[PDB]
Amino acid sequence: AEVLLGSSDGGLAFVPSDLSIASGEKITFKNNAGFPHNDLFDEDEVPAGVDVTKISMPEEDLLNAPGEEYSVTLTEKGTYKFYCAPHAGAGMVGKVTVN
Ligand SMILES: [Cu+2]
């Protein structure tokens with residue numbers, strides 16, 4: 001699955017912000033517009049047994065340019081919430097469900 005970081009007209013969102021994949025699918029977050037962005041999983045909203053540090057970009061790493069991306073494969077079933085640090089207050093938050 002592919003997720004865009006920022007919308008064509010600079011809007012501060014994940015596109016799409018709600019996705020469902022199957023266990024073992026790869027999500028590739030691609031830097032699109034409205035830089036900079038990053039991807040952090042919410043420690044409170046992840047399936048028990050998921051290690052957040054293993055699955056997240058460090059909160060301070062940022063993608064500042066086109067072509068930059070972040071890939072992660074999720075295996076545990078259930079719902080994970082994620083956000084973009086710089087834009088958390090702007091509502092750039094999303095959610096994946098692994099089936
Ligand atoms: Cu962002």
Side-chain angles (χ1 to χ4, degrees):
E2 169 196 322
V3 174
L4 293 172
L5 300 174
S7 170
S8 48
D9 68 272
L12 272 17
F14 289 102
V15 187
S17 47
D18 177 85
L19 59 164
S20 266
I21 54 153
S23 281
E25 281 213 26
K26 189 196 209 157
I27 309 177
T28 299
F29 297 88
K30 313 189 179 186
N31 221 18
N32 191 37
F35 311 143
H37 304 291
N38 74 6
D39 276 87
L40 297 2
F41 284 81
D42 181 273
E43 348 84 81
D44 306 295
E45 266 85 48
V46 280
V50 174
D51 212 277
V52 153
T53 311
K54 197 167 180 47
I55 243 73
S56 302
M57 280 176 70
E59 242 211 8
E60 43 272 302
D61 273 19
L62 298 177
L63 307 191
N64 298 295
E68 297 175 359
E69 54 199 35
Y70 179 65
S71 282
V72 67
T73 114
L74 306 166
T75 44
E76 296 262 292
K77 331 274 223 202
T79 319
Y80 307 60
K81 188 192 118 205
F82 56 86
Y83 64 91
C84 168
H87 301 133
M92 188 166 176
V93 169
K95 141 189 193 160
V96 54
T97 292
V98 187
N99 298 114

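One is the number of the first residue; the rest follow in order along the sequence.
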inquiry  = Hydrophobic clusters here meaning ILVMFWY residues chained together by side-chain heavy-atom distances under 4.5 Å, can you tell me if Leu40 and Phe35 are in one?
reply    = no
message = Let me confirm one number: the OG-CG distance from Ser23 to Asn99, rounded to the nearest 0.5 Å.
response = 7.5 Å
With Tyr83 via side chain to side chain donor-acceptor pair (under 3.5 Å) - residues at least two apart = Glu59
request  = Measure the OH-CD1 distance between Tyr70 and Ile27 for me, rounded to the nearest 0.5 Å.
outcome  = 10.0 Å
ask   = Rounded to the nearest 0.5 Å, how far does CD of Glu69 lie from CG of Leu63?
value = 9.0 Å
ask   = How far does CE of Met57 sit from CG of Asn38, to the nearest 0.5 angstrom?
value = 5.0 Å
ask   = Roughly how far, to the nearest 0.5 Å, is the CD atom of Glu43 from the CD1 atom of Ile55?
value = 14.0 Å
ask   = side-chain contact (heavy atoms from CB on, under 4.5 Å) between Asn32 and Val15: does it pass, once the steps are laid out?
value = CA-CA 10 Å; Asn32 191 37; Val15 187; 5.8 Å; no
query = When hydrophobic residues are tied together by side-chain contacts of less than 4.5 Å, even through go-betweens, does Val96 share a cluster with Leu4?
reply = no
key: Qualifying salt bridge (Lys or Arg N to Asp or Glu O under 4.0 Å) pairs with a residue from residues 13-40, counting only residues at least two apart or across chains   = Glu2-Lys30
request  = State the SG-CG distance between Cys84 and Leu62, to the nearest 0.5 angstrom.
outcome  = 7.5 Å
query = Which residue pairs pass the salt bridge (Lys or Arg N to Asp or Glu O under 4.0 Å) test with at least one member in residues 82-99, sequence neighbours excluded?
reply = none
note = The side chain to side chain donor-acceptor pair (under 3.5 Å) partners of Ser71 (sequence neighbours excluded) come to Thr28
ask   = So, for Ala65 and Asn31, which heavy atoms are closest and what is the spacing to 0.1 Å?
value = O-ND2, 3.0 Å
message = Please find the pair of heavy atoms, one from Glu76 and one from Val98, that lie closest to each other, and give the distance.
response = O-CB, 3.5 Å
task = Locate the shortest heavy-atom distance separating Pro36 from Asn64; write the atom from each residue and the value.
result = CB-OD1, 3.1 Å
key: Pairs meeting criterion ring pair (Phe, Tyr, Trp, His ring centres under 6.0 Å) with involvement of residues 2-31, two or more places apart   = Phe14-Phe82, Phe29-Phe82
message = Please enumerate all residues that pass salt bridge (charged side-chain N to carboxylate O under 4.0 Å, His left out) together with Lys81, with sequence neighbours excluded.
response = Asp42, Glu45
query = Is a side-chain donor or acceptor of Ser56 paired with a backbone partner of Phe41 at a separation under 3.5 angstrom?
reply = yes
query = Minimum heavy-atom separation for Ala33 to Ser8, with atom names?
reply = CB-O, 4.2 Å
